[PDB]
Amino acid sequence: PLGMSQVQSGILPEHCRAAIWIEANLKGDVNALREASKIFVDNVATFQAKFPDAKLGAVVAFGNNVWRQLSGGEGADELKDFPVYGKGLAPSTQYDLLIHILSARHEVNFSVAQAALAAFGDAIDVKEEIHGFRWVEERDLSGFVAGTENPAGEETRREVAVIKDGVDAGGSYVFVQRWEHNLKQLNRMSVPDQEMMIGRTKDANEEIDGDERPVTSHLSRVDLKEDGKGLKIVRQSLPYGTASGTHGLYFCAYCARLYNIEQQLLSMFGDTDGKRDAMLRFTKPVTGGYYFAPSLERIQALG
């Protein structure tokens, strides 16, 4: 549709059961990312045509250094390399390229991931590939329901995640961060203590009032308002891993303003008020990066 800016298909879908994230560095000349990105989004359209019931979406997104090159420095004014927070409590592993694929069918996501790798070829060095899965009752592996207060429905998710006007219209900022859960440590905590750590009840998933939970509770850290206006984000996080090996949450969020994500990280990691998130008692982040997801027509026009 001329004069408009179409969002990449992976930002908005809700309740998808499976995802693949690929994070990679650029190995050679940045020009190689131009044709590869166009091939990949075309492949996504082909898979959507072949598998209409998968409800597939995907996003290509770029780190600061390569996006500044590809854009000539226009727009994406908030973009920067992911900093450390809490002096290293949240480590930084900023890469050049993020691919996020999500759908109702893991097997379709796998084919799409293979297509991404064929498009980019040896221009990229893959740093990790994570297969996310929705767990029972949409719970995080800790046993708490994850997603309840996420923006709901296309209209509100667009408001929160999608830039509305100007050169970046239809684009979004992305944050990804892989957490490694220590479930043995979690299971040493009583359920009441776990509920004070999160800020919601475990079985029934009821919010515990802000004046009845510690300021270190996760909800107290991240449910932030500025003069009454919530700093909302669109989360796409999923569980990942093996039962006997590494497992946790692959955190992913989209926002039209990087600012909202950063304020939540400054809060969680001790930089705002000297207190940190209680979830650090059982889980820790081991990666972190910021990316810019251009509109689809900005990709299709790379050249």
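In case it trips you up, residue 1 is the first one in the sequence shown, and so on.
Problem - Mean Cα B-factor comparison, 143-151 or 187-195, giving the higher one as deposited - result: Going by the record's values, the stretch with the higher mean is 187-195.
Practice task
Take the C-alpha B-factors listed in the entry for 108-116 and for 227-235, compute each mean, and give the stretch with the larger one.
Solution key: Going by the record's values, the stretch with the higher mean is 227-235.
Exercise for the section: Check the PDB entry and point out which of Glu138, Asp77, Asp96, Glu129 has the largest C-alpha temperature factor. Expected result: Most elevated C-alpha B-factor of the set, per the entry: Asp77.
Practice task
Have a look at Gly274, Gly57, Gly248, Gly245 and flag the one whose Cα has the highest B-factor in the entry.
Solution key: Of the options given, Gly274 has the highest CA B-factor in the PDB entry.
Handout entry: B-factor third for the C-alpha atom of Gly241 within its chain
Key = Lowest third of the chain for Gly241's C-alpha B-factor.
Practice task
Please rank the C-alpha B-factors of the chain's modelled residues and tell me whether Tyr254 sits in the lowest, middle or highest third.
Solution key: Its C-alpha B-factor belongs to the lowest third of this chain's values.
Practice task
Pull the Cα B-factor of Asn182 out of the PDB entry and bin it into the chain's lowest, middle or highest third.
Solution key: According to the entry, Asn182 has a C-alpha B-factor in the chain's middle third.
Exercise for the section: Using the B-factors in the PDB entry, rank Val167's C-alpha atom against the chain and give the third, lowest, middle or highest. Expected result: Tercile = highest for this residue's CA B-factor.
Practice task
Rank-wise, by C-alpha B-factor, drop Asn65 into the lowest, middle or highest third of its chain.
Solution key: It belongs to the highest third of the chain when residues are ordered by C-alpha B-factor.
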